[PDB]
Each structure stands twice: as structure tokens, then as C-alpha cells.
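Let's start with one chain on its own, the form deposited in one PDB entry, as C-alpha cells.
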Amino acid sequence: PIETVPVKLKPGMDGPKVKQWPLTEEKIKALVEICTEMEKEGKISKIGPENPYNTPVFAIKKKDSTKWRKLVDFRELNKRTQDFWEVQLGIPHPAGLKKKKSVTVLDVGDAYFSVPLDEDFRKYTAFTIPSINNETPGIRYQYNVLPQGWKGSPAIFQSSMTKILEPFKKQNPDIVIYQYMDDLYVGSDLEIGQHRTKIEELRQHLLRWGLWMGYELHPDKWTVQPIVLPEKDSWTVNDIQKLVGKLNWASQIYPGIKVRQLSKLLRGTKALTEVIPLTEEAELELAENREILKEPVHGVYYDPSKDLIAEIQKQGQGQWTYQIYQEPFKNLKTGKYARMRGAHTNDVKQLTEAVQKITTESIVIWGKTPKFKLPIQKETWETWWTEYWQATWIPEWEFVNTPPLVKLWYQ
């Protein structure tokens, strides 16, 4: 008996038409068991080939989670409904969420199934379930309620969510609550014990309205990865050549970097392994360049209207560096990960873990997901990345091939 919110696509754009990719046996059995039960609860219903739209579907397990979780790759449908969840029913982003001592994430995607979806828009939520060895044709469905993983679901449910959180926000005014996609970010400066208790208070406060699990974050302990120069007692020709090239590349970010006196030490055609004593003019140019790399870059600030971009570099030995920016060389944040899952054995698992951690940080800090430039071949990535995905959202990405230049981001 609930009224539906009318939703339309962006003018001059059709629905998504993305082919379903092959799925493993464990994922198909999980999807069948879930979609059969979702059909029994009216959340979805079967459709036919007259619906020309389709969106890929697969299954995941969150960290330390045994239950399979249906995940729809609504990235194309979200691009074609962008004016809805940004112009009309936008959700503000609290600037204090990143400053809290502890921030917990709660999957509240189950609440979207309580609200029906606009009849005219159900045609775009279509998805097909494949079969092993193509035993049967595709089993197509479409959503009758608010779908998980769609950026219009938290916007429509935003009015319902505010009235559920109003009693809890009143009792706990110092706690910040942010809703992004199927997740709920709850940040507080409380002690770990009473913080997790306040989470459980909110969990029971959400159960009485018809809705579990938590992921703890500590944004106050998030550190940046600066550009560092080696501290050597003896420098060789190769050492200074690598030093000048790194400072030359870093000069695109810090306009005050100079390599004049350091290049003067590389005048003759010298052997690389030859030790070169640093002149006093060069020692000061090096110490001054070190001072510049400690100071922040001039004129770097976030723009709410510009897209976020994330680049990742493979540094070997489980090391992974990343930079987030909107304009080139204006990095809003740099960082480094190490000893993630799959370290020293699986690059794709490490890279998948890296993208998730970076996207999680971008949601907490700016409320946006960045577009990734992935240091991997397209066929290598599209073969394995769903085997390691543990998040309910999926960021946009592209594939690059930049051979290592002057190891700018890692010593």
C-alpha cells in the first residue's frame, strides 16, 4: 500500500544492455537459492525476452562471512540515472565522519526490499542467471522493490531512513551517521566498548523497523605516503642520476624543486658505480628539496563537482602505493598498503583488496567513489576480480600499462 516514487532515466539515454559473464558453480547455486526465495517474497518476478535490458549479476561473501550475498553490477544503470540521486534527492556528506576515532559500517540493504519500485522503471532492473554448460537458457528476472546496489535506492529510502534514525540521533547527537549505497557509516569518538554497544543499540533500533554485521574503521589513524629521498653517506653516479630523475618528476608536483647543482655533478661521462662526493652547493640543494617535500602542495583542494581518480602502483614485496586526485599532480591524498591478503602470492587478490580499501576511504572522506586506473591487463582483471570481491558496491575502473619510470612513490 506504499506509494511509488516516479523515477526516469537521463534525457536521451536508454537502459543498460550488458551481457552476463560466466559464473562458477558455487555462485549459480547461491543465486538460484536466493532468487527463488526472493521470488517467493515478491521482491522479484520472472520476465521474458521482450525486455531488451539486462545487467550482470554475481555473488560474494563479505569479510569473515559465510552467507552468500547477491550482487548486481548496476554501474551502467547508475550512470544512466545520475541526475536523480544528485539533483533531486541528494544525500549530504558529513565532513566530520573522517575525523572520528572509530567508524563502523552496517549493511542495511535488506531495508530497500520494503519499498516498492516504480512500475515504469522495473524494466531496467532486468538480469539473467546463467547455467553450467548452458544446460538451460537464461533465467531472467526483474525487481519489484528497491534493488540493492542501485544509487536510486538510498535516495528514495532517504526519507524513510531519516525518520528511523531520528530517535537515535536525538539521544546520541555527537554520533555521525552517513548512508552510502547499501551501507551505513556510524562514526563516534567513544571508547571501543561503548562504541560497539552504541552500534548494537542502533542494530536493535533498526530491527524493530523491519531490517547486522559490522566493519570497524579508524580514520584518525589513516596516514599518507609522502615522497622521500634517500639518506646516503656515499653517493655514486647511478645514485645521483636516479636522484635527479626522481626530483625532476617530483618537480611537476612541487614547483620549487631544483636539480641544477645536482646535475653539475653529472657533467663528465662517468662510470655509474663511481662514487661522487657531493659539493656543498649540491648538499644544500638536496637538503632544501627535502624540506619542500615535507610542505603541502599549493592550491590543492577538493572540488565537489569533479570526479575522483585513483592510480595504483605495484611496488613489489606486497607493497602497493596509490594517489587520489581530480586534476593531474594535484593529489588530494597519497598512501601505501602492505601485507594485505594474498601478499607474496597473488597480485589480483592484493589489487582487489587495494581497490576496496581505497574506495572505502573515498566514501568516508568525500562520499564519492573514484575511477581507478588499474596496473593490470584487462583479460587478467576480468578473469579473477569477482573471486575476491567483498563489497556491496563496485567502482569504475580502467586499465593502464605504465612501465616503471623513477619509482617516485616508494623508495
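Shifts are known only where both forms have a C-alpha. Whichever C-alpha set is largest while still superposing within 1.5 Å between the two forms counts as the rigid core. Note that residue numbering begins at 1 and tracks the sequence as displayed.
This protein has a second form, the form deposited in another entry, left out of what is shown; the following refers to that one.
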State which of the options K368, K373, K62, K349 undergoes a Cα shift of 2 Å or more between the shown form and the other one, taking the core as fixed. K62
Large Cα shift (2 Å or above) at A126 between the shown form and the other one, core-fitted: no
Does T269 count as moved between the shown form and the other one, where moved means a C-alpha shift of 2 angstroms or more after fitting the rigid core? yes
Under a superposition restricted to the rigid core, does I324 display a Cα displacement of 2 angstroms or more between the shown form and the other one? no
By 3 Å or more, the Cα spacing of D64 and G109 differs in that other deposited form; is it closer or farther than in this view? closer
Closer or farther: the C-alpha atoms of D73 and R341 in that other deposited form, versus the form shown, with a change of 3 angstroms or more? farther
Per-residue Cα shift of 2 Å or more between the shown form and the other one after core superposition, grouped into runs of 3+, gives 61 to 65, 212 to 215, 268 to 274, 339 to 345
